[PDB]
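**Student:** missing the sequence, but the structure's below:
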Ligand SMILES: [Ca+2]
Ligand SMILES: [Ca+2]
Ligand SMILES: [Ca+2]
Ligand SMILES: [Ca+2]
């Protein structure tokens, strides 16, 4: 089960930034990889490790922190498209 | 097709904050809902609407903005779990 | 419009809310008309509506219709692009043979000079020196035919002595294809100017609707000759795709670096203004 | 080919087995390709196929597109094997000033004669006799301006002395509407002839782009002013409804009673053929 | 009752019976899938004169003619009510039935008085007599044509179904049977929409070409 | 397997995939009526390789592909019984399941004893665990081409059904999809028979003329 | 949408526009009284294809054309929603309007920041802009023909009205105007039933003779 995890929290206070660094280090220690800011994912072996990981994430969530969790297949994970910020020739048909 | 979208960008400058507000308003106008900061999702009817939405998101991405797109099933989109929040010496009081 | 839309697939096209509607069984896509410059139909299975054709005529978008072989068959020519056309017809009838032969001679000099620049970039000193000699030897009425000799020496030097323009090889086919596309864009620009396309600036005896647009498109041929020379080993399909990449690529005008469509539009505008004002300034395009 | 196929109704066009398939809600008709000569599309709801367009390119038949106003907008231009109309436009560029002045004077004489005859049908003998005197006094180059002098007499007789063409009223808007419909029909006929409508018969004013058709439609103008005189009390919408019945109404041509479309077609053909042949015969139309 | 999809230029109106022929197998299968999934997909939109979109519960979709169950609790209940109304429209027949049921009630009442226990009853009504008779429609021996005809007859009994749609049901019926189905649909006023891959000869229908052009066809 | 009716001269055999075209609308509609009424009517007969008549329970007749539910009470019963048999084939795994169920029953029993109200329980069984998990065949079908494939999978899974019959189901699929369906039928070895009003070009099929004569095609 | 009364032999169907001419003044006045009192009287019965009788709230009765109020809260609300949909169908116009509204909101926000009190706001939307503009239909200068045309245009906006009925409204309109009303009713799909004492020449209508015989009439 491919576990996609989004993480956010107000970063204004120094304690909030420290909690964000601690939570990020905890995510890296648990096997999660950061694709971009607030974007992470980890490959869970089965539903058991998934449930235990959900409990651990709920236990380690910092104050005011918010985590989104989504279950995704490998075919859907390879279809993940990341656009980081206008074509002259538009082709409708075979792309040649 | 359930589209999970993460959005990040340096917010330091005033122009960057204005661009972030504009991009967020554009995401809300397109049907995306914000589950938490940087975390959004939208239900796309089919693959064509998904491709057009990808092109539109690439066109509307602000400078230095970074977007992560992941495809999840509708049942897996409902499976989304949002969690909102080992020391030997525990101090309840002034932290010294 | 900035966008060249090419449809090689069977589908139905409609016009809805100032938007081009591409409807197919697999997917449907809407593209705004203001962004669209040129519309190219490369197959015979495409369907369109006369209302969308009227909206394309009002939007002044060039519509090209190809054959089953995908080679262009016929393009749409609007009767009235602008009200200044009816006033420009009297000026075209009032044009002088000295202005026509002068502007055409300067244009041929720009084409031969562009060929000498292409051979100079290709590091041929004798060929570019000979073509430059023919450029310095060009005269009014063209008694020496230095333009045809420059073309024969150009193609014979590039593709080999055994090569010829009358051959049926895919090289000449791609050359006629690029000349047909550039002739279509230049002809559409002449339709935007409003002047008669059938009246040429060189020979009054030759009667052809594409004569004027060819005389205006003469200096830009070496741009097609370059990609044709590089892709000559590739198949005709890949050569056609590389020819389609010319619209995406940008070229350096004397003023600044611009797109091909803008250079053709501004060049044709300066040519028409120079013809009506009797040679005030001659636009020069260099590679 | 011979027959001229015009589509005024919603329909779809296809090409099967060297046979043009025209499909309308009422019935389906199949026409051989060799029988068709010129193809014109009146409305914006017509659907066509690019394959039929390619077959038309091989058949050389001229394709004419029209807008919602029915005025012709664009026509199909093939890159090779061009139609004979493009060769016929050169004769229109060669039209002599004497033939243009003769045809123009004949047209003005026909219009003034129709106005005086209509005033005689309205039983005003003094105004019709004055307009007839101006008709017999018309001369080349128009130094007397007897047409502009007959105008005020005709309109002042019809709608009263207080009425004028410069004032803004439902009568003037109705006259411009009828002149717009007649300009659309005559302009469509001139587009069928292939001659450029920007070149006018009047040598003074080139401002209008329709000048040729606007000059050809003058002899049929009073037929609109009759219905506008009868319906003048009705609102502009009712005047438009009454003017819309002129297409269904039949009129008397010199040869036989015919519809307005065929009469305008024969008149335009005689005008073009007379201009190319330098005044063999001048078509005359009387109310 | 107008239906609209992305392939059509304008929404097409469905009045009485309507035969829609889709010459493209891809657009036909996609349209049928959009008919079964209609609540999930927004591509196919069916709206009434009020422009209000009808729910999938209001839409009636039928593919297998002999597999559909025509006998339901609501259909049999409303049918029994219709029979009770038919018997109520005739005063003489209702009077005779009242006499007979009254005699039976007298007999059963005497048998109850003969018993030692105290027994009470109310009445034997006509709806209870029909429910005891077990009146229902017979689809067992019915041919496909009679089955579709019975479906067109019970569509008036269905309250919640706004429109009836048949999928490829015209291949079984002969041209004359199709003429009877359409002519009966014009009298029943119900809205029926048939979807066929191939065009039927002799009947008015809307044809969708592989070019995605919709045209009316008399034959 | 072979099917026989009064119109045919000799019974035709149905092996792997088979396409049967009936050029008569009356014989086609009457044939479908004989398919739904097969239990009632003795006209249409089916003789297997053993030359024995089969009951209508062994015949699988499917007209609407999308309207046919894959999940049924009998299908879920046979699937749950199959999974229970697979878990019963391994003693150690079932023993571990009994241990875990014993632990959960001990926890819930302790929580029940903690409550002030008296509580009575029976036990937890593997069948109740499977039914509680909701084990069923996948209900996701994007197109009728995939739905018919699921119908072929469930048909090959069902041993009681000796034949699967489709009525006018080939009009939805494209010629290439028909080729893929025939190849999948030949790979699955199941017996499938199709009934079409008109002939299909490009594939092998048995054409029944209006003269009642049957002829092979391709 | 079939209507039935004791004088008719069979219930007559009303589809699109229908002109019903009653040649008897007694039956006409009694029928109009049964139209106003319809909830109280069981003589006149109007039912749909479901045979369900429509309530008087679902029936729309109109006699005075210029006295009827076309502007209502529901009609203006649904009309504003329709205008918002029309502005939403065009992306460019909606973008421009969003830009202008953004500028105005910036100005007002600056003015709020200049104040000493802490002020909060939300947004200025398109529906609020239309409500502030006061968009409504103008019946003041409208002719009777334009009034009935606007009524036929707003009948689609009325959700609860099942059928529109006009009482003696065809006397004011010319034959051509009646042709425009019927031809527009065929496009609007609404069900309109006109009641006139005298027959109108040139239009299809149902005539009820003093003999109480109902016959279709082409003219
Ligand atoms: Ca009872
Ligand atoms: Ca019983
Ligand atoms: Ca607000
Ligand atoms: Ca206001």
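**Tutor:** The structure has been received and is ready for your questions. Residues are numbered from 1 along each chain as shown, chains lettered A, B, ... in the order given. Ligands and ions are numbered 1, 2, ... in the order given.
**Student:** The spatially most central residue of chain A bridge partners, please.
**Tutor:** Residue closest to the average C-alpha location in chain A (Cα atoms, centre = their mean): residue A:40, at 2.6 Å. Here residue A:40 shows beta-bridge partners residue A:5, residue A:34, assigned using DSSP bridges.
**Student:** OK, contacts around it?
**Tutor:** Contacts for residue A:40 (Cβ atoms under 8 Å, 6 or more residues apart in numbering or on different chains) come out as A:4, A:5, A:6, A:7, A:27, A:32, A:33, A:34. For every residue, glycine as well, the C-beta is placed using N, CA and C.
**Student:** At the contact with chain G, which residues of chain E appear?
**Tutor:** Proximity of chain E to chain G, by Cβ under 8 Å from any Cβ of the partner chain, involves residues E:2, E:13, E:49, E:50, E:51, E:52, E:156, E:159, E:188, E:189, E:190.
**Student:** Go ahead and build a ChimeraX selection from the buried members of those residues.
**Tutor:** Burial among the residues of chain E next to chain G is assessed by 16 or more other Cβ atoms under 10 Å in any protein chain shown; the matching ChimeraX selection reads:
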select /E:2,50,156,188,190
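**Student:** Nearest to chain D, out of the residues of chain E next to chain G: which one, please.
**Tutor:** Of all these, chain D sits closest to residue E:13, with 14.0 Å by Cβ to the nearest Cβ.
**Student:** Could you measure from the closest one over to chain C?
**Tutor:** 20 Å (Cβ to the nearest Cβ, to the nearest Å).
**Student:** got the phi/psi numbers for that residue?
**Tutor:** Here is the backbone geometry of residue E:13 (degrees, to the nearest 10): phi -90, psi 140.
**Student:** residues contacting it?
**Tutor:** Applying Cβ under 8 Å, 6+ apart, we find residue E:13 in contact with E:1, E:2, G:189.
**Student:** Looking at those residues, spot the one nearest residue E:146.
**Tutor:** Residue E:146 has its nearest neighbour among those in residue E:1, at 26.1 Å by Cβ to Cβ.
**Student:** Distance check, that closest one against residue E:50.
**Tutor:** According to Cβ to Cβ, to the nearest Å, residue E:1 stands 11 Å off from residue E:50.
**Student:** Kindly report the same for residue E:170.
**Tutor:** 30 Å.
**Student:** Look at the closest residue to residue E:129 other than its chain neighbours and give its secondary structure.
**Tutor:** Nearest residue to residue E:129, sequence neighbours excluded (Cβ to Cβ, 6 or more residues apart in numbering or on different chains): residue E:101, at 7.1 Å. Look at residue E:101: counting by DSSP: H, G, I helix; E, B strand; the rest coil, its state is helix.
**Student:** before we move on, what about the one 5 residues further on?
**Tutor:** For residue E:106, the secondary structure call by three-state DSSP comes out as helix.
**Student:** okay, now it: neighbour count?
**Tutor:** 10 (other Cβ atoms under 10 Å in any protein chain shown).
**Student:** Which residue would be the closest one in chain A to chain C?
**Tutor:** For chain A, Cβ to the nearest Cβ, closest residue to chain C: residue A:93, 3.3 Å.
**Student:** Can you name the residues that contact that residue?
**Tutor:** Residue A:93 neighbours (Cβ under 8 Å, 6+ apart): C:6, C:7, C:8, C:9, C:42, C:43.
**Student:** In which helix or strand does the residue in the stretch 51-200 of chain C that chain E sits nearest to reside?
**Tutor:** Nearest residue of the stretch 51-200 of chain C to chain E: residue C:51, at 9.9 Å (Cβ to the nearest Cβ). Assigned by DSSP states H and E, residue C:51 belongs to helix C:50-58.
**Student:** swap in residue A:70?
**Tutor:** In the assignment (DSSP H and E), residue A:70 maps to strand A:66-72.
**Student:** quick one: that strand near chain B?
**Tutor:** Yes. Strand A:66-72 reaches chain B (Cβ under 8 Å from any Cβ) through A:66, A:67, A:68, A:69, A:70, A:71, A:72.
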